């Protein structure tokens, strides 16, 4: 059961979407892109959660997530005073109208920040950090290493026989103070963004099946949905499976010359299958790699030209610009196939913005508040006062406002372009009933 | 060359989209037909309101007249022009200034003559064509002193460079007013053409053909109309612009010509013009030469919109709408005067 | 000895400074007085 | 010699970024403001 | 064992990342301010909305600040050159990327401000086009960040 | 043991920071002053507010003075070269960034000041935009201060 | 043995071939697309016939790809230099020749569309001229293919 | 017995010959096609005659192919250098001379084609002048053929 | 004892003699043809006696052909260098001198033919003037012939 | 530098003076400043060349 | 121990200090003087 | 002083932020006497775990001093907005 | 044309000096003093690699960015009378980002191959490292410039698309075919860059 527009009273009706005090804002950001086709699947019920989630990934900051909610709460607490007043300031009105959107966005931002364990670059210690056993580090032929340590860092080895075990929840806090967090955690977020982006696209495509059923267009799935989803699954879902496989299949025991999923993915597409010199993820992978790419090609004829071909077949038997229809379908096929590749890149914004934010938080902390601390008691305390006040100011000016606004826009971009374009198609008319709008006049 | 199609849209991108979007709204042949199928001015309004034109006769006198339709149409395109002229930067604005110059030239002819025959500036300004404007003073409150108007023009009015041909005031009093205005127009056209050639990209190739046509048009029409008047052949030649196809050789024959046939014989050497004189049947119930010139000029102004990276679209834009205004008024006049058989004397603008 | 150092320094230092003068002279040479106010009458 | 490895490599990177600076500055200098405002 | 001059390339990276980004953001700001001043006279109610291109340009400036500081805090004396070229690439990569971004911001914003005042339905499109330029600038930042660990 | 002529880069830094910052402030000052002279003839009551672009231009110039002095006081004869590379980077970072800001100040000042006379509600909008240009200049100062002591 | 740097020239060849052919195709394509859009507003019935010039441009792009791929696959470390020079020449030959052809493609297609817009009978003539540009692209490709095999 | 890199000059010859000739033919073709498209609208019946300047341009392109191939066949590893200079001279001689000829081909065709439409008696004069341009192109071919076999 | 590169100077002479002469003749031809085409509209009877500037342009081209061939036949491997510099001087002397004449040929031909159209008496004058350009072209040939045998 | 100042000020000043005879004194004073700028060059050269 | 050519830089400094400032002052002087001439014709009282 | 009730309210919010965050910082070090490990250590850090406990106590002291200043600031701003 | 005159004067003097110096070295029979092999070998492959990487990413975004505002201005202007434009013609910008993406992917994949050498004296050191260095430089340059010009093309074409659609909604779909070719041109550069670095090793 999906939400669809209401019937209006054999002409194309306007699109009527019932909204309430909370969901109205979400419908508007959908309508800002366009008015949906009559009886189209309304994306808004999914936006209510999907968009805050994409923001929370882009804005995965536990500390700012709280501040963000508090801002929204302030507006809600004055809800009765703001509504029953004059509001000539349109920017205030807009954020007020979106106050329930902002609150939710903060709610998920806290969730994601908590798992990332970053609250103004602060980790969340649950007493579960057991990544390594330092006492055993020194036993492993490291005697008085802290003397040389004065000029070195020294990276903690994997599988020394004494380390291991995951952090109970989220990323082990120890990475928050590491010099190589920029490879361990950056890689994870890279893979996460790809996985989430692909899933989101597949969801949007799955919704197209329901739309194809509602309008009784069997052909739109026989040569559309089916070969399109086959293309995407065989290439993009396979990649996702490999990512999880790598995490679960190989340990540090093979870290040297460990298989690289990027290279295998490229070699997959190119049918490059070296006999030796590069370790494979699993035996027979080359056969699977070749199989999937060939099948992806085999589905293309359906999506590329068979739709106008069968329409010509059925048309002439029942009796349509065949050439023009070929042009339309060929362009559509290119957009879908090429767009999936491009769209995957689009969802790298989740990584790019999450990283960019993390860089702002780490640098803003380190180069502002950290320097305000000093071994001298009174000077340190008083310095923290003035430095913190400026620090909090910068956190608001840079992250809570500007970056929160950027992540808002970028997550909204993903909704409009990559998600909606899989099922939310066509246009409708504005629903404008008679109403007693002139209440104040 | 690689000069255009690159920096053009950096500043002029908005105006190019806007002006072509405005052109998209010009009356089509289908729309002119709906305007013809009226026979009533009130119905003419109602049918015109079907397009981007309309809603400009509202709140005016209940009786609908031609003078109102004429003034309102002019006002519409002036406002649109001023809008684009104000939202523009020197690289393009200077081009637009030349367009306004053509109207300023006519207006300063009005400022003189009246000044020469004791008329106050305040009385003359209301009859000046828009875009002349003359926001500068000293040209205002000249105290009906020709010297003060002449000095104010040299100093404040951008047309001062053009008046270098007509100088010292002596010229203003001794020259026939029409020779002065034709002389100033020549100076304008010569400078404007050179300006277009200094912008030696798409604009030069898209714009000059129209200016070259106008130059040759002036030579042909002036020569013919000059036959019945008192004017030395040499002084007539002095008014022929040099930015055209007749300048290399041809003007010499028009300057000597004393007959329509001799002028046509010159056109015979230029197929682009020969066809116009052949089309200008000039019968007692047919089209004439001026009509064929308008048809050709519009064809060129429409072809101007085949280039997406130049300034000539704005020149054609103004001139094309000016003819459209002539067309609309013509219909209103045909209704007002009840001459339905003469309705098909408008110049289609495609 | 160290020719490459004095050479590199003097060449690029004098070249940049010489150009700064050349451009400044150009900009001064072509100062626009406005060609108005009284110029139109003298012209 | 006239040039060292160091000097030459430095010049190569200097010119590349100098071209970038020139490009940016070029478009910045060729930037105009309005002569007049459209209306009141 | 460290090739001399090895630190020279690195320092230039931090500088370029900031300077080129400031140039881009400044260009976009200058272009927007011109359009804003002209538009706002007739429709002052749009003055607040018209700032967006400028805020976006400001983001470009931050993009550059992040790399310039990241590199600066990564400079040492005994730089092994390999690391230095990574820092120089990071600086140049974000610099030119931010510079181009800022130009797109400025040019689009100027037209967008005028277009929106004449046609408010264009407001969303204005933001969208600027949004794509901001995304392009982000790429410049990310690649500068990636090099820091290579 | 220290490389010769190592002071060259640091000295160029101190001078570069001051010169480029003066160039930026000078442009913004000259462009704003032009708008002020053209504006205030009609609206003399605004003469004491239209100076702001010019004041903010002076900030760019100070930003340069602070670093240029900071660098000069940091120079000696026996410089290890490394430090000199840092000094040049800091000098250029603030100078060229201030230059970019100076352009923003100038263009925004002119457009804003004249626009303000046409529409006084623009006054605050002009300041906000000019504030963004000042923030762009600040970023250059921040990096220069980070490098100059690194 | 095989000296160092010998592969440098062959790499420049493979790169040049692709870049200059891309330049040619891009110019011809952009110019043709401009003319086509302008015509189709006035009359859409000629759009299909006016497409060929765009493919003609793409051919230059392929020409360049064919050689660039041929060289890129031929590139190794142990290059005897002679082979690298042949690759350099082949790369430049096809790229720069395709550039000239693509320019002609652009100019002729753009003018051709305007010509046909007024008189459709020009179609066949305009295509024949573009055939000469395709021949110019071929000649470049021919020489490049010959050189790579020496 | 021979010096290294001696083959460098030869491959530059073979490439230069083809590239300059394509540039020459391309220019003449581009200008000729523009004039043809503009002219044929008024006089469509001349479309089958006004093509000639374009063929003349193709001759410049062949001129280049002939020498470029002739040089290519003479390219070896053990080149005596002397021969390579001759090959480079031959390549440049025909290429640059053909470039000059193609320019004239373009300008003369452009003016001549339109002049012919306005004056059918010009057809003979136009061809004769184009014959002179072909003669100018051949002179380069003659010298190049002499040098490549010297 | 023969210096390497001696043949480079020599072969550059032979090529330059041909290339620059073709450039001049091509320029003069292009300008002459343009004027002729325009003239033919009004005075078609003069078209045939208007080709002379173009024939004369060809004289400049021959001037160059003659020297280039004489040098090319004179080129050997064991050149004493002295002769190579003479060959370069001779090539440049005739080529560049003929080039300058080519512009005079072109400019005077254009103006002369256009004027002749109105004043047939200009023809003798046009030819005398063009005769002076031919004399200027010969002077270059004379010196080149003297040098190539010295 | 002084030559530029002299030339520009002379042109505008002399033409302006005919339009405004009172400009003569101001023109002279400004030209005096340009002469002082030229002298500064001489002063430095005399001190520097003798060092 | 003193690098030869070393004095070259210091001498160029003494010159540059005067030359560049002279160019600036000359520009400012000429640019202002032109505006002054225009003013005085309109009104000499401000000269 | 009035200063404007809009700015007094902002000061109250910043003051609350300061007191809450600074006290929290001192506590975290006091409990884990830690991942952050940013007490402003010396470079010549010896093998003395007690030095980490001691510096962490110093951080708590300094943080509470900063909070005390925010308590004074919040108090003053409180009266301003209430009286305004 | 003050800036164009400056650019030309520098260009001419730059190459004119190179001609004089080059010919002089020949004339005075210098022992190949200007040794290209020397320049190529002393110049660290690290610069060449990192330069090509920065070019691959930096040039590609410049192209996209160029085209974006080309089509942005046309859309915004025309859209005043045809607001429908934003519904469909935004795809022109998608193509522009897509050109940047082509280069971005390669820039990362290439940079993923960057490794230290622990090398000193080039003599018999890094034979393969020089090949890989130059190859990475070329591949980066190849894709960078190719995407640069593609982005300009797509912008120009998209501008016409917006202006056309404003007047006739039926023209949009047909025109899309031209931008697709533009994108394909950029992909061609990607194919070559992939091949150029298909068999390289660093370190």
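Residue numbering for chain A follows Swiss-Prot, covering 3-11, 358-667, 712-833 in order.
Heads up, header says this was done by electron microscopy, 4.4 Å.
Quick reminder: no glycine exception, Cβ is built from N, Cα and C everywhere.
Taking Cβ-Cβ distances under 8 Å and a sequence gap of 6 or more within the same chain, the neighbours of residue A:360 (phosphothreonine) are A:386, A:820, A:821. According to its DSSP assignment, residue A:360 (phosphothreonine) is coil. The feature phosphothreonine is assigned by Swiss-Prot to A:360.
If you look up Swiss-Prot, you'll see A:364 marked as phosphotyrosine.
According to Swiss-Prot, the feature topological domain 'Cytoplasmic' maps to A:427-441 (among others), an assignment based on sequence analysis.
Taken from Swiss-Prot, the feature topological domain 'Vacuolar' covers A:472-535 (among others), and the record attributes it to sequence analysis. The DSSP breakdown of the topological domain 'Vacuolar' (A:472-535) into helical (H, G, I), extended (E, B) and coil residues amounts to 25 helix, 0 strand, 39 coil.
The feature topological domain 'Cytoplasmic' is assigned by Swiss-Prot to A:556-573 (among others). Same-chain residues lying 6 or more positions outside the topological domain 'Cytoplasmic' (A:556-573) and placing a CB less than 8 Å from one of its CB atoms are 4, 6, 387-389, 650-651, 654-655, 658-659, 814-815.
A Cβ distance under 8 Å defines the sequence-distant neighbours of the topological domain 'Vacuolar' (A:595-639), meaning residues of its chain 6+ beyond its ends; these are 505-507, 583, 586-587. Among the features that Swiss-Prot reports, topological domain 'Vacuolar' is placed at A:595-639 (among others).
Residues annotated as topological domain 'Vacuolar' in Swiss-Prot: A:751-771 (among others).
The transmembrane segment annotation in Swiss-Prot covers A:389-407 (among others), and the record cites sequence analysis as its basis.
Per Swiss-Prot, the feature transmembrane segment maps to A:410-426 (among others); the stated evidence is sequence analysis.
Residues annotated as transmembrane segment in Swiss-Prot: A:442-471 (among others).
Annotation comment: Swiss-Prot describes A:536-555 (among others) as transmembrane segment.
If one looks beyond the transmembrane segment (A:574-594) by at least 6 residues along the same chain, the residues whose Cβ comes under 8 Å of a Cβ in the stretch are 539, 542-543, 546-547, 549-550, 553-554, 607, 609, 612-613, 616-617, 629-630, 636, 640-641, 643-644, 647-648, 650-651, 728-729, 732, 736. What Swiss-Prot lists as transmembrane segment is A:574-594 (among others).
As annotated by Swiss-Prot, transmembrane segment applies to A:640-659 (among others), with the evidence given as sequence analysis.
Among the features that Swiss-Prot reports, transmembrane segment is placed at A:726-750 (among others), with the record citing sequence analysis.
Sequence-distant neighbours of the transmembrane segment (A:772-810) (same chain, 6+ residues past either end, Cβ-Cβ under 8 Å): 377-378, 381, 391, 395, 398-399, 402-403, 406-407, 409, 412, 415-416, 419, 453, 468, 545, 548-549, 552, 731, 735, 738-739, 741, 745, 748-749, 752-753, 756-757, 760-761, 763-766. Per Swiss-Prot, the feature transmembrane segment maps to A:772-810 (among others); the stated evidence is sequence analysis.
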Long-range neighbours of the transmembrane segment (A:389-407), counting only residues six or more past its ends (CB under 8 A): 4-7, 365, 367, 371, 374-375, 377-378, 413, 416, 449, 452-453, 455-461, 540-541, 544, 548, 555, 558-559, 562, 741-742, 745-746, 749, 795-796, 799-800, 802-804, 806-807, 811-812, 815-816
Chain residues outside the topological domain 'Vacuolar' (A:751-771) and at least six past its termini with a C-beta under 8 angstroms from it: 409, 466, 468-469, 778-780, 782-783, 786-787, 790-791, 795
Tertiary contacts of the transmembrane segment (A:640-659) (same chain, 6+ residues out, Cβ under 8 Å): 567, 570-572, 574-576, 578-579, 582-583, 586, 616-617, 619, 712, 714, 717-718, 720-722, 725, 728-729
Same-chain residue ranges lying at least 6 outside the topological domain 'Cytoplasmic' (A:427-441) that approach it to Cβ under 8 Å: 447
Same chain, 6+ residues apart, C-beta under 8 Å of the C-beta of residue A:364 (phosphotyrosine), given in sequence order: A:7, A:8, A:10, A:823
